[PDB]
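Chemist: Below is the sequence, then the experimental coordinates.
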Amino acid sequence: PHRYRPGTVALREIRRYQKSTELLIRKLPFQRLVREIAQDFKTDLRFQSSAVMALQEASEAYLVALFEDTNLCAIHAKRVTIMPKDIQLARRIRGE
Amino acid sequence: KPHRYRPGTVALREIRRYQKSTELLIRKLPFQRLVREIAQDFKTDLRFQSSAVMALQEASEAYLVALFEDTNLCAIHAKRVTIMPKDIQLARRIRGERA
Amino acid sequence: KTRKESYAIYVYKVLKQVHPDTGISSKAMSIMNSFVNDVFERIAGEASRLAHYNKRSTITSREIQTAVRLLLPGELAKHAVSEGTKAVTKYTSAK
Amino acid sequence: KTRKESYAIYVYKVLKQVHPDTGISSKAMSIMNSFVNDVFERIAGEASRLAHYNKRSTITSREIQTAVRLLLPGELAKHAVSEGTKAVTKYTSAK
Amino acid sequence: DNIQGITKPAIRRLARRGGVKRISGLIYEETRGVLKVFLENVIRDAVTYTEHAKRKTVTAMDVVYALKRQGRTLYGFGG
Amino acid sequence: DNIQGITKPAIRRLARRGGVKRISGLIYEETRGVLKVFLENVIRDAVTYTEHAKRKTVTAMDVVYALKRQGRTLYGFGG
Amino acid sequence: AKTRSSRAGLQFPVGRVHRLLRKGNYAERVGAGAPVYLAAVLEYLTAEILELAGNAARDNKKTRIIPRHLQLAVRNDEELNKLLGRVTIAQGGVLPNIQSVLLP
Amino acid sequence: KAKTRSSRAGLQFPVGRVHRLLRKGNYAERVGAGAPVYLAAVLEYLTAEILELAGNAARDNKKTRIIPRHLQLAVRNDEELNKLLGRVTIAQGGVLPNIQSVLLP
DNA sequence: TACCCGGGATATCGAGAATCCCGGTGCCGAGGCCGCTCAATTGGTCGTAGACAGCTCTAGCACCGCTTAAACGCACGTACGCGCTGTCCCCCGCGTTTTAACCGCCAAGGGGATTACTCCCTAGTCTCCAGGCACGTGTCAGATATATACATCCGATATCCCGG
DNA sequence: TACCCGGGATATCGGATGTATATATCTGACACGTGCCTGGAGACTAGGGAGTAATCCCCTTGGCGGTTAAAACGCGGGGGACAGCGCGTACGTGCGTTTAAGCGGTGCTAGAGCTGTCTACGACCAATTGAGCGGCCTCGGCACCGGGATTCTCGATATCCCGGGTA
């Protein structure tokens, strides 16, 4: 029964996803979330497909830059585990 | 015996004293010499209004005070109370000022 | 001796209308003047951008209204749009 | 069927003049078109601001030159001002 | 309510793209919160532009103008 | 060379205004570096505006326009 | 000779706002509802900020608003802080903020 | 005698379209002639630099068609193009292959 | 005690899962050709924006003398940074089972966009005049010296508690 | 080996230091009046940007069948985050010494800041034509399936050198 040590598949995935360019969030649940959030601003809103694709591109770019800053906060705290402490520190130093 | 406080009490006393004041903390004349020296490397024989140097000093002090605020939050985040150049570099990197 | 325009007397008028006994220094008057210029430029900028987006060349009250709803955060937008619409009604129905 | 203007053929011409064998996809063409529009708006914005500061109403080559020296970081500014001044000389001394 | 559609593997993939090796368990709800706030800001502005155009369909240009106003310029969708 | 005119007590006062209780010794040179880089960026832009106005005196409006371009709007000096 | 400020019940000048919208090169055409509405908005923001600043001057037992009072008026309100987050007010200083972990 | 100003100025980007965008865009009352020539020159230079670095990164990837990913690498591996486009998201580009040192075994 | 027994850490190899490279095949989007239409160009005409000369008078820069406020340096001690170590629990890899994301195909209609037509709102001119600004003058808000009260905060100490 | 006395952690009040609250003085900066002039306002006209009606066809939404990649659910374990401990070193506090930053003056002059003149450079208008865009097409570069080389991982195993109780 082969089993890797903890850490090796994580680093393998870090490499696989830093080489790839495809969208990581699934398309349809993100679309439902966007329509749900829009609902609380105007009823009966329609959406071009490219509008939801643009929202998804920008949302994923934002969350990836956020996890990069969060990883730098974790490393700064002598840890290899990201924590909600780290996300809150990142957004605070970033000014959000 | 000569009276002496413990480390920390005068620091906090000064924190309160300077968070109440609004005056400029850097002295005026050495900052003016630094501003003229840096300008020299862009164009020779430049003149400056007095309000121009006051504006430079106002913005520079506001910038360094916000920077030390973020640096203190990084230090506290690392379970420390002493700021370090690691902390300044982390602050400036996350703030986007590295380049 | 060129007359430099300012918002100083208008800020002073609104200050007397909100606090009749409190005066104001000249440095705080400079800060209020720069605040007024800044917010002016922000709103007129966003309104010009809105007009360019919609292939229009006329800045009307609708552009300023949507610029205020974009730029002011939340409740400041709600009260200012109300105040602004009030002043345009009083303007369009006056003598 | 309204003709939507673009910079696509001009980007393709400059691509053939810098890499004769490499083509380009349509998504990268969209990204280059948006880059050109963006840098255009940035430079024309800063130039308009410069003209308003100096109480002027004419955007000349000097305003665009100082806008480029403000907006482009360092060596991109040095080479582009040179290239731009070259093209204005060739323009002002042509037949 | 559809915020759970942002699954735990999807947040893990996003973290992998950011270079994160190890992820604690309380991250996922925190991340759902932050993404929810981001889309709130962006879609509000986009809907405002739709309101001003007297239209009922939110175009991609609206989302581009909105992200650009917020200082996050997106290339590849026009404009 | 005049960068030492930014003294150790002045950096300590600035840190006190930021709320810092304890300061390590390597801070001071690091801070001299960061301030030097900040003024470099700002004065370069201000000098550019002076160059464009065909003048020899750097006005306060030049420094205000420069700080504003860099996203740090300063009130109280005109404009 | 009734001015448009008094006609609209306002204090900020509708004529100066209108000629700054004309000279500022924002569009080709500028209506009449636009400078009235914009003067109304500007008057409201000036009113709100000078109100909070007079309050902070009263708390400090003073009858003259200084820069420090504008600083406190802006940074203790949430929406004016969001509005003026990227703005430095000169001669203002900072809020009296001391972190919890530094206290004994 | 219908020689266009693009060819007259020795450039490729259209000086006429740049000039009519400076007029339509409501930037100033008057617009000279040196302004659209100079601005078309600057725009041509930046497009040249970006497509140069992008063809290099496409060649290094053994590809003959520049994709978004290649523009991403071309911009983010250059320092001054990164300073120019620091706050700009390129769609379909991803990120650089960056792994921190402390995470490695 | 010196034993042969026994827990910590090192190099070394070989199975083993994963990934890169290499051919082989299909398919669809990028490059290229053609009509045409509308915007780039050329020629001409005014009007005023800006380059230029001259004058002024404002403030920006060098120069000295006191004056303490603050920077500099040194001793010293203690409090915090950091390394070590021990625990435990939480997250990570992996197998199994569920489930909803995706494709693809089609259908109905909401509204995005385009064109035409009228019409009225603003740009522009001209004339008049009064509100806003520069300038002058008073007066009191507050900055500045001194005098006691009112919180911390640190050491002597008051007493608890083992120990060499 | 029992009494007495030395060290350590945690409440208490004296007492020393800095700090918030009471008067007196003196100022100089804010508030207010005056001349005036230049920008705001009123009136009138032209036209072209914008509102509105009709049309039509694009594309957005809704629904169904399958199928298959991905998400959800649990096992077991190690490895990393979290509480405890000690050292030393390097900062913070206070004291004397001393370096220079501020204040107050005048002198000067370079250069900002206005005024009048005047031409050349750009807006505006009409003709015309060719460059740039919609539509079409074909074909080769990219996507993709499969196999082999390779490339790092990880366990099993032989081997090793330092100190607490077995035979």
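Modeler: Structure received. Residues are numbered from 1 along each chain as shown, chains lettered A, B, ... in the order given.

Chemist: from here on, contacts and neighbour counts on C-alpha atoms
Modeler: Noted.

Chemist: Would you mind measuring from the most centrally placed residue in chain C to residue G:46?
Modeler: In chain C, the centroid-proximal residue (CA atoms, centre = their mean) is residue C:40; its distance is 5.8 Å. In this view, residue C:40 and residue G:46 are 12 Å apart by CA to CA, to the nearest Å.

Chemist: Also residue A:60?
Modeler: In this structure, residue A:60 and residue G:46 are separated by 39 Å, where distance is defined by CA to CA.

Chemist: ok so, going back, enumerate every residue touching the residue nearest to the centre of chain C.
Modeler: For residue C:40, the residues meeting the contact criterion (CA atoms under 8 Å, 6 or more residues apart in numbering or on different chains) are G:38, G:42.

Chemist: and it, what helix or strand is that in?
Modeler: Under the criterion of DSSP states H and E, residue C:40 resides in helix C:26-53.

Chemist: Can you name every helix or strand that the one helix or strand residue E:39 maps to contacts?
Modeler: Assessed by DSSP H and E, residue E:39 sits inside helix E:27-52. Contacts of helix E:27-52 with other secondary structure elements, assessed using 3 or more CA pairs under 8 Å, 6 or more residues apart in numbering or on different chains; DSSP states H and E, are made with helix A:27-39, helix A:49-76, helix C:61-71, helix E:8-17, strand E:57-58, helix E:60-69.

Chemist: what's the closest of those to residue F:35?
Modeler: helix A:49-76 (23.5 Å; CA to CA).

Chemist: Tell me how far the closest one lies from the chain's centre.
Modeler: Averaging C-alpha coordinates over helix A:49-76 and over its chain gives two centres that are 5 Å apart (CA atoms, centre = their mean, to the nearest Å).

Chemist: Is it positioned near chain B?
Modeler: Yes. Helix A:49-76 lies within reach of chain B by CA under 8 Å from any CA of the partner chain, at A:69, A:72, A:73, A:76.

Chemist: show me what contacts the first one?
Modeler: Read it as residue A:69. Under the criterion of CA under 8 Å, 6+ apart, the contact list for residue A:69 reads A:90, B:94.

Chemist: ok, so what distance separates it from DNA strand J?
Modeler: Applying CA to the nearest atom of the strand, to the nearest Å, the value for residue A:69 to DNA strand J is 16 Å.

Chemist: repeat for residue C:72
Modeler: 24 Å.

Chemist: and that residue, how many neighbours?
Modeler: Residues contacting residue C:72 under the criterion other CA atoms under 10 Å in any protein chain shown number 20.

Chemist: Tell me the residues of chain G that contact chain H?
Modeler: G:25, G:26, G:27, G:28.

Chemist: My assumption is that residue E:1 lies in a strand; please confirm.
Modeler: No. According to DSSP: H, G, I helix; E, B strand; the rest coil, the state of residue E:1 is coil, so it is not within a strand.

Chemist: Quick check: residue A:37 touching residue E:38?
Modeler: No. With contact defined as CA atoms under 8 Å, residue A:37 does not reach residue E:38; the gap is 10.7 Å.

Chemist: Between those two, tell me which one has more neighbours.
Modeler: The residue with the greater number of neighbours, taking residue A:37 and residue E:38 and applying other CA under 10 Å, is residue A:37; the counts read 19 against 14.

Chemist: Now the spatially most central residue of chain G: which helix or strand?
Modeler: Most central residue of chain G, judged by C-alpha distance to the mean C-alpha position with CA atoms, centre = their mean, is residue G:46 at 3.7 Å. For residue G:46, the element it lies in under DSSP H and E is helix G:33-59.

Chemist: downstream neighbour of that helix in the secondary structure list?
Modeler: strand G:64-65.

Chemist: near chain C, anything from that next one?
Modeler: Yes. Shown here: strand G:64-65 in contact with chain C (CA under 8 Å from any CA) through G:64, G:65.

Chemist: So which elements touch whichever helix or strand comes after that strand?
Modeler: The element immediately downstream of strand G:64-65 (helix or strand, assigned by DSSP H and E) is helix G:67-75. In terms of contacts (3+ CA pairs under 8 Å, 6+ apart), helix G:67-75 is packed against helix C:26-53, helix G:33-59, helix G:78-83.
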